[PDB]
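Only one chain is shown below, in structure tokens, and it's the form deposited in one PDB entry.
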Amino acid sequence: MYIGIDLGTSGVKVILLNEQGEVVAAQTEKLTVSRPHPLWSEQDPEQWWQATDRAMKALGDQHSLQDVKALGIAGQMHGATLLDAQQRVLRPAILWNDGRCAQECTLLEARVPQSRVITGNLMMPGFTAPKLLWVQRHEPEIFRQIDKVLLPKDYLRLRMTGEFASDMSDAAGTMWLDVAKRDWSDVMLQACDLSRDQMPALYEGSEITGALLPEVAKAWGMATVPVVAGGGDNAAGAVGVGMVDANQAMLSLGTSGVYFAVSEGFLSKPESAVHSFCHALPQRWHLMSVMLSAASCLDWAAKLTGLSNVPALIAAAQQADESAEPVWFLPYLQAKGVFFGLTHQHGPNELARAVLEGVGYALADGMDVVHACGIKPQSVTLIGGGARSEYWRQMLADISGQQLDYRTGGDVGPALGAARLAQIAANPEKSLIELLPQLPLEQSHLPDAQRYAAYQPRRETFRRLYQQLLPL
């Protein structure tokens, strides 16, 4: 039996995996956010713990955790948790979506010209590093008391084991990690008046970082079970879904269209919408791009044409007349809908076809920006709610020229990846290949050479068209 904990933003989810990778139980505990000022997004670390501790006790109450062999955690990335020399929480946690330190972002980058090379990323406000630069400037007294800076998931580890550890995936998200070397970057820390002494110890996601404090062990009805490093939500998310080896990639369609891809070694493209990170497994890295916004984007056009169901415009999209207008929908990305109008003089199911293809071109280019970094998948697992239309799925295949394997499941979340990482650490024998399955294949879409060849020139809209036009 294994435990998997995920410290999300809305709450914490804790799961119980049976000896063969199946989810026997689950518990979720809501978590609120605190917005003291515009752009501020904070959480009380003691609320993360209380939620976790309730979830666990709620889980073991259902079924005894007296057989759990290992435990893993995953959490919201980038959150800064400042603790004093006695492990006490100085100020609330500044979350991934907190955008108060934009200016400290410029400062840091001016302080280390080679910042984007090191972290492989552009310095953003949600990132951990610039927040501490902010605390130093706005709350000097609290900054002076800093002994340790922990990410959300890791603060939780501290409460369970008394240890100070993190995993490469989550660590890289701090902008203090030298992503390539998978180790703290001194230049980075120094630029923030911080030192390794204030960072937790680094582990690969599947490595054991400590055991459960006896107290905790007793409070939850389980032994002093070992606790693995785990990973940040994205990485632990892919782990639980089997997205592990090089050139493996997935798209989720979405309340975000997110493209996540495992690379061979460290790749990066800062000046783009591409984010680079370490994976939650040894010698593995990944890249990812957010995209649409093919749920929003598509409901909008369904109401726009008097339709109310997205299923409807997909159907409508289908009877478009092979009148080729062709249409030409440009989407923009807040988010908001830079929403480029079009070209036309025909119908609603003809416009339904335009919208669906506009999104499709936007996605194709998103994945191509990733691929041009050094990734070339043989196939692309496709999962999510916005991916239930076989028709739209097949369109994305013909547009991008990527084999799209549709798969069901993928609803558990990072928690499943946290329990999987725990299974790995508990079964040094079995091979990863044995402990990391994928979601059950639901369909496989191969690009229709006919439509594919006709589309590549069509995508010559999201060529000069999308570019001549901003001005937004």
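The first residue of the shown sequence is 1; numbering continues from there. Between two forms, the rigid core is defined as the largest C-alpha subset superposing within 1.5 Å.
Note that the form deposited in another entry isn't included here; everything after this is about it.
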- Query: Pick from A354, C105, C192, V262: whose Cα moves by 2 Å or more between the shown form and the other one, rigid core superposed?
  - Reply: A354
- Taking the rigid core as reference, does the Cα of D368 move 2 Å or more between the shown form and the other one? no
- Message: After a rigid core superposition, would you say the CA of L304 moves by 2 angstroms or more between the shown form and the other one, or not?
- Response: yes
- Query: After the core is overlaid between the shown form and the other one, has the C-alpha of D183 moved by 2 angstroms or more?
  - Reply: no
